């Protein structure tokens, strides 16, 4: 997976963005999924949904109109514990409750050892109270942290781990934002989808080889790009989330459909926070 996001809780102007987010979901093409749409008690949650048997309803990225957002990435491991809890519930359980992001991540860190490796972003979006973005991963430091405003990158290492794909993609993300963020939001979205589909592998990457060990060796040539194109595994979903100063949300999701890489479906939802 890989996520880039700029976060500015006190925007200086009227049409600035409190959040610009661009995320790729890398997964085996066999895993069933549902395209983004509104669900929950009051149709108040927006996200895709995993449909793996025994894991239905999980998700990797979502936003609620109540002003909540969270995202998860897997920690690249040479081996997997198959008896542990699914990680799909970490994002879902945040979007379906009323806990503040920092308090939720503190609960998760007490239970972090029951999952395979994961990184977790949880965010409170409040036009009035002020935005908060926190981060916790069960393979890094035990205590969740409150992030200062800025541009962040997160992949299958920890937050800001200097993988070359993360550094290079973050450079493209900043260039796209500086290039077109003052233009209509549609061109910014197109610029970021172009970044998310950049397939230039950034190699050699000793950090990826060391962490992934033997499992990543046959994937390496393709794994070290923003957009991963491996045999039966890679970038299936591009997701752009924008929140401007006044609270207008734009949620775009381009999804691979036929698994022939020529059939794609893109859904965009424009709405407003409460």
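Positions refer to the first chain, counted from 1.
Notebook entry, point to check: Which wins on mean Cα temperature factor, 248 to 256 or 7 to 15?
Noted result: Averaged over C-alpha atoms, the B-factors run higher in 7 to 15.
Check: Once you work out the mean C-alpha B-factor for both 75 to 83 and 162 to 170 from the entry, which is higher?
Finding: Averaged over C-alpha atoms, the B-factors run higher in 75 to 83.
Item checked: Out of 123, 182, 154, 193, highest CA B-factor residue -> Within the set 123, 182, 154, 193, 182 shows the top C-alpha B-factor.
Next item on the list: Pick out which of 211, 47, 238, 43 has the highest C-alpha B-factor in the PDB entry.
Entry: Most elevated C-alpha B-factor of the set, per the entry: 43.
Check: C-alpha B factor of residue 178, ranked within the chain: lowest, middle or highest third?
Finding: Top third by C-alpha B-factor.
Item checked: Chain-relative CA temperature factor third for residue 262 -> According to the entry, residue 262 has a C-alpha B-factor in the chain's highest third.
Item checked: Lowest, middle or highest third - CA B-factor, residue 199 -> Its C-alpha B-factor, which the entry lists for residue 199, ranks in the lowest third among residues of this chain.
Notebook entry, point to check: Lowest, middle or highest third: where is residue 206 by C-alpha B factor in its chain?
Noted result: Its C-alpha B-factor, which the entry lists for residue 206, ranks in the middle third among residues of this chain.
Item checked: Cα B factor band for residue 93 (lowest, middle or highest third within the chain) -> As the PDB entry reports it, the C-alpha B-factor of residue 93 lands in the highest third of its chain.
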